[PDB]
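This report refers to the structure that appears directly beneath it.
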Amino acid sequence: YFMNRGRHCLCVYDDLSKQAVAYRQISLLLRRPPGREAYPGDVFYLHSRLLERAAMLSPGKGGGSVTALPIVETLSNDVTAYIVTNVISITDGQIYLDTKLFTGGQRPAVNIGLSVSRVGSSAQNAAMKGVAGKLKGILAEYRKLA
Amino acid sequence: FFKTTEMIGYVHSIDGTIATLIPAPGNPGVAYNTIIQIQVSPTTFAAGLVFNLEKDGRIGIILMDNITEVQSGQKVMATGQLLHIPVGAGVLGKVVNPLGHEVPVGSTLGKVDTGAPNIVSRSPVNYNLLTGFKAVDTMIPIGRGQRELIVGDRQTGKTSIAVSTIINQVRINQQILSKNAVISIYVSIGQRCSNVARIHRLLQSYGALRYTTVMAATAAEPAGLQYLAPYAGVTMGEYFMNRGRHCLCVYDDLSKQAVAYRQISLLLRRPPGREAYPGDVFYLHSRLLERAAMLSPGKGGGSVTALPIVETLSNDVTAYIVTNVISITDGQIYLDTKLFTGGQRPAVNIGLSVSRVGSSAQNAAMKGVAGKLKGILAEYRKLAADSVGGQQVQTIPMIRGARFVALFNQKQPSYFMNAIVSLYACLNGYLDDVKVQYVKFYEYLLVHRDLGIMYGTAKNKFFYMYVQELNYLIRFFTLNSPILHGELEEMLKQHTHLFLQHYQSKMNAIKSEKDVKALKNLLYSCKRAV
Amino acid sequence: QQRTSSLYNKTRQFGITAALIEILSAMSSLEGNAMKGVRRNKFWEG
Amino acid sequence: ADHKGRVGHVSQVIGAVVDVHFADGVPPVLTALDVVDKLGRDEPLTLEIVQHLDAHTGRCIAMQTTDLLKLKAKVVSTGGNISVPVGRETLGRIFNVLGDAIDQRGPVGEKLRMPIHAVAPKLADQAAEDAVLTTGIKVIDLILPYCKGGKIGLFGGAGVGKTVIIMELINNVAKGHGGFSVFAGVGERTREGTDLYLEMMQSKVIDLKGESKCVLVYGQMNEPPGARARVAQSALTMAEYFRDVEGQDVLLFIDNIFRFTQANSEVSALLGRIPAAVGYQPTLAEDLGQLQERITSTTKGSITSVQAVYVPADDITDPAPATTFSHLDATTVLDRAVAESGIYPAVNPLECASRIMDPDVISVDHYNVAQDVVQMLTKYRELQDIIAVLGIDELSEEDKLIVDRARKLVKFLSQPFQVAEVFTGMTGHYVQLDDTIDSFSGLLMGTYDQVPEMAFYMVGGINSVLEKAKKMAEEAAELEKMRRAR
Ligand SMILES: Nc1ncnc2c1ncn2[C@@H]1O[C@H](COP(=O)(O)OP(=O)(O)OP(=O)(O)O)[C@@H](O)[C@H]1O
Ligand SMILES: [Mg+2]
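For the protein sequence lines, the chains are R, P, X and Y, in the order given.
Residues in the first sequence are numbered consecutively from 293, following UniProt numbering.
Read left to right, the second sequence gives residues 45 to 150, 161 to 584 (UniProt numbering).
Residues in the third sequence are numbered consecutively from 256, following UniProt numbering.
Residues in the fourth sequence are numbered consecutively from 28, following UniProt numbering.
Now the structure itself:
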């Protein structure tokens, strides 16, 4: 509603992992062919038609926006799960919260090594872009040195 | 002869050992899980069990006998009664079918589907049941009313332990009153008829058939029989339980029962589950093992001890059936292949074996010995962990652990007095000067011989190992009592001194090509003689 | 030991799921091939 | 209500699944039906509607064996869901899924009954703020504090005194918070249930001649899956009554929660539903949610549940534990190694966890002390390994004061329980929350650096430590004085 009117919005889905379970529950109750990990074949389409509605509309349409922060739960830091990979194949970037850092007192435990933003670089503010340009190299060297 | 009452329908379909019936005119009804007779021949009948009652009127039937004579279109009669099998003291010493029919060899009725005792009708497990093996009786106690699993791989010594346990009760039932006697029920499921015969001969050789009954549902018998054998077995055993007596039911084995139940369910189009087993498989085993209990004194004080046997393929305890049985039984005895090939027989892996009942199922004398025996063995294993190289150092805990792990090697069950005495001797250090290779020979001389009498040195008045009636005195009075402690130490000290002086001295002096062989043969014979 | 254990516990979970899926697929195939025949009842008597 | 006494006839019987035909229409789902025909059955037969096949036919799950059951057998609706008695008359008694006393100790004489299935509290009934549950145990109330409206996983099998801890929690909660307890045995061995009942009567938590402070609800293994999947809800309903009507902080023990999941899985398989990953039911998340969500802290009272968890095949990623752990607000690990070290309660402080370990919930002093204790214990482990290669004499004097304080802490986290005042002989202790915080805070600073190490063994509070130290000093002086005489 706000994007179509030229305003901005932020949607937080907590979480798409539990939506898939519910959709899997519905499909199996309907006796449909189970797929990988018993999830239905169209589980990917379930999240595709959702996240694709999050967009930055062109100037002609009003310059609206719906940022989306879907959440996903892994097991034993496994990013090779079926649902995890499907969402990673849809989103424009990922923030990975390593358990080891969190238990070690390092919060929010953002594992910068695995995290990435594929399209957010341009939107970064000029001031923070200046500070972050060198910070990237400093951290990169620091990880290698230890 | 099951008494037929009315015609309920006509056979419609046959799929191996599974049949379907279509209703007779008027659509007469038949009670669920009841018995029916199919008129195969003019005066002969085939037994069947009702399993499904479909909406349209069709009935699912599990055939039990005379399947080759069953044809579509035949007439079916119903008995309207559950399965009841003969039970009583008149069945002991016989081979019996799960349907109650006697199997030729070369008192009342009991329901085969009965509920287990409730919470208030049970009592804590305190009375022990001796398997005759030092390892089991010490590290994995078994108490009357307990459900102890025997899990192992093929050809590891599972059937042997249960048979020995049954045999070990013969020498006890003959002495004490029949009230406390243990009646055995061995259930063979999906085995060969040859194995049943050999077991029958083996029991008869030691005179166990007088206190034992065998229920056989062998291969070449329809799956329906193999699925009902354990339930009939406990039904025979529950007769003694409800009459203040004790029973011991052995199932060999539940692995084959589950397969038969799977075959029946799948052929009757029931929803499969994990490993294709139905959803009732856990319920099937639970309602079987839960029927083994220890009744309270207000209901006679009877009991049923269960010894289910399970075969684990490739040492995998993650299978569906194995996990379910393990989650039901009160502990487990794990028989390991490597130990069996390593000369350790019984091959109990004490690390993976457990008894949730604990010391409560041990006698006073055994409890005192086991309290220290368990601690010593753990240290030996931990120090044995460093024994892979490094020239393990022989501390007293290791000097005694090795003897303990060598006394546990046996073929036949041991009389309680012989076992408890030998463990006590090794516990107090009387075997520290005895080499590990000669332990079995030392034990044999202690049990079947008397060095003190041989050399005219014995001074004890009553405590001699040839007095087999001291067992009950030891059970009543622990070895650590002034009545028996003094003479026990004297005999052990004298026997140890004579053995070292006369026998082991000659053994260490053997230098020849034939004497060495004779010594080796003697040690091997003593290994399987006690 | 921590990497080969995960692949062993992940494999057993996948193995159970696939075997069960196969069985149900066969069950659904034999159910689908089955067809209900004409109902021979006194439809008028109702 | 309008379907009270409605009549139907059995139409199909396949194992534990029974289809009933009602001429007037099937009652609502989850309705209870009684089979009037007890021709040859030794027990009454009750069915629970789970599905509707048509406007007149309904599928149901039998709570008992379906033996001697014929088609067209008469069945009568009970007028609603399964009804369980609730009140103060159920204390000290044993029940089943149907709320029938199986202890053979006379009629219950309840004044009211409640349905098994009740909607979870709405979002508006939730508690305003998180609150701590003072269990009276030093370790639990310091390093892994429990929470009202919380679900706590008691990992660790038997042989570690699990039952003793349960009895102590039951006694302490009533002693301090005046809240009762409900124990639910789901798929539990009948032998162990008997042993637990005898122990409870021996510890006086269940006083036959007095006032009891615990209810028992047992669905055993020998019972069909239809019962094991509703016993927990029956027990939960009993707790809900105390939570709402009496406004108390009740306890709900579950032994185990995995058996509840397994039972529903079997039930789903019988109905013919397609299982999900690892053979579990597709409704696994929903089944647990409909149960756990009812366990929360409301504006009237609270229900804190201590659930015994079992990990199949030692796989923590299995869907059953994985789904369960998402509902747990605390973990208690019981280890034999600690028990073999003589530390009872046998709790591994570094293996436990809790979500309310945050200053925003607990007092700042409590959080700082707990973190300091954890850090000291972790350092004590590394120092323990260093001395293995060196010897304590090598360690620095900071690391030899830190190896002395840590040993005192490990000894100070043990506690003698009042439930064992009989079989162990030592008077029990109920250490207050504030007392524990102050005692540990003083110990960490180094105030009690002169007290002997053994003075902290099996004691409650700091005053007990001082009293034990004085007695030890007096005994030592007397022995030395006697030695000088001879
Ligand atoms: N304690 C023992 N000492 C020596 N040999 C033993 C002992 N127990 C069993 N054996 C021998 O080991 C072999 C296997 O024994 P057994 O028949 O009990 O195996 P099992 O567990 O029943 O295997 P399976 O039934 O699958 O063939 C036999 O030759 C038997 O004589
Ligand atoms: Mg065998």
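Here a beta-carbon is modelled for each residue, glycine too, at the ideal position from N, C-alpha and C.
Q | Bridge partners - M348 (chain P), DSSP secondary structure assignment | A | P:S357
**Q.** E365 (chain P) Cβ short of 7 Å to ligand 1 heavy atom set
**A.** yes
**Q.** the region 118 to 128 of chain Y in contact with the region 347 to 357 of chain Y per 3-pair CB rule at 8 Å
**A.** no
Q) So which residues of chain R does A303 (chain Y) contact, with C-beta pairs closer than 7 Å? A) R316, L320 and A330
Q. Can you list, in chain order, the residues of its chain whose CB lies under 6 Å from that of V335 (chain R), leaving out five sequence neighbours each side?
A. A312
Q) According to DSSP, what are the bridge partners of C87 (chain Y)? A) Y:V45 and Y:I76
Q. Whose CB is closer than 6 Å to a heavy atom of ligand 2? List the residues in chain order.
A. P:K212, P:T213 and P:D306
Q) Heavy atom of ligand 1 less than 7 Å from the Cβ of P467 (chain P), yes or no? A) no
Q) If you measure from the beta carbon of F336 (chain P) to each beta carbon in chain Y, is any gap under 8 Å? A) yes
**Q.** Three-way DSSP call (helix, strand, coil) for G425 (chain P) in this model
**A.** helix
**Q.** For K101 (chain Y), three-class secondary structure by DSSP
**A.** strand
Q: Look at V205 (chain P) and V74 (chain P) and say whether their C-beta atoms are less than 8 Å apart.
A: no
Q.
Classify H556 (chain P): buried if its beta carbon has 16 or more other beta carbons within 10 angstroms, exposed otherwise.
A. exposed
Q) Where does the unbroken beta strand (DSSP E) through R140 (chain Y) begin, and where does it stop? A) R140 to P142
Q.
Given a cut-off of 8 Å on the beta-carbon distance, is the pair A296 (chain Y) and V258 (chain Y) in contact?
A. no
Q: Would you list, in chain order, the members of the region 163 to 178 of chain P that have their beta-carbon closer than 8 Å to a beta-carbon of chain Y?
A: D167, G169, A170, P171, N172, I173, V174, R176, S177 and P178
Q: Give the C-beta separation of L57 (chain Y) and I76 (chain Y) to the nearest angstrom, bearing in mind that I take them to be a contact with Cβ-Cβ under 8 Å.
A: 6 Å
Q.
For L320 (chain P) and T383 (chain P), I'd like the C-alpha separation in whole angstroms.
A. 27 Å
Q) So who's on the other strand from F182 (chain Y), going by DSSP bridges? A) Y:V360
Q) Is the beta carbon of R399 (chain P) within less than 7 Å of some heavy atom of ligand 1? A) yes
Q: Alpha carbon to alpha carbon, how far is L97 (chain P) from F49 (chain Y)? Give it in angstroms, no decimals.
A: 18 Å
Q) Where does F394 (chain P) sit, in a helix, a strand or coil, going by DSSP? A) helix
Q) What are the start and end residues of each continuous beta strand (DSSP E) run of 3 or more residues lying completely inside the region 60 to 88 of chain P, in chain order? A) 62 to 67 and 79 to 82
**Q.** Within-8 Å CB hit, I276 (chain X) to chain P
**A.** no
Q. What are the start and end residues of the alpha helix (DSSP H) that includes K202 (chain Y)?
A. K189 to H204
**Q.** Beta bridge counterpart(s) of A145 (chain Y) as assigned by DSSP
**A.** Partner(s): none; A145 (chain Y) has no beta bridge.
Q) At a CB-CB cut-off below 9 Å, which residues of chain X make contact with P326 (chain P)? A) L275, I278, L279 and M282
Q) According to the neighbour-count rule (16 or more other Cβ atoms, all chains shown, within 10 Å of its Cβ), is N562 (chain P) buried or exposed? A) exposed
Q: Report all residues from its chain with a CB closer than 7 Å to the CB of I197 (chain Y); omit the five preceding and five following residues, and keep chain order.
A: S208, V232, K240, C241 and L278
**Q.** chain X contact residues for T344 (chain Y), given Cβ-Cβ distances below 9 Å
**A.** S261, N264, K265 and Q268
Q. Is the shortest distance between the beta-carbon of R435 (chain R) and the beta-carbons of chain Y less than 8 Å?
A. no
Q: With hydrogens ignored, establish whether the beta-carbon of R132 (chain Y) is closer than 7 Å to any heavy atom of ligand 1.
A: no
Q: Just the chain P side, please: which residues come within less than 9 Å of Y371 (chain Y) by C-beta, in chain order?
A: Those within 9 Å of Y371 (chain Y) in chain P number zero; the least Cβ separation is about 17 Å.
**Q.** Proximal chain X residues relative to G306 (chain Y), where beta-carbon distance stays under 8 Å
**A.** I271, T272 and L275
Q: State yes or no: is the C-beta of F285 (chain Y) within less than 8 Å of the C-beta of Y224 (chain Y)?
A: no
Q: With DSSP as the reference, label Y268 (chain Y) as helix, strand or coil.
A: helix
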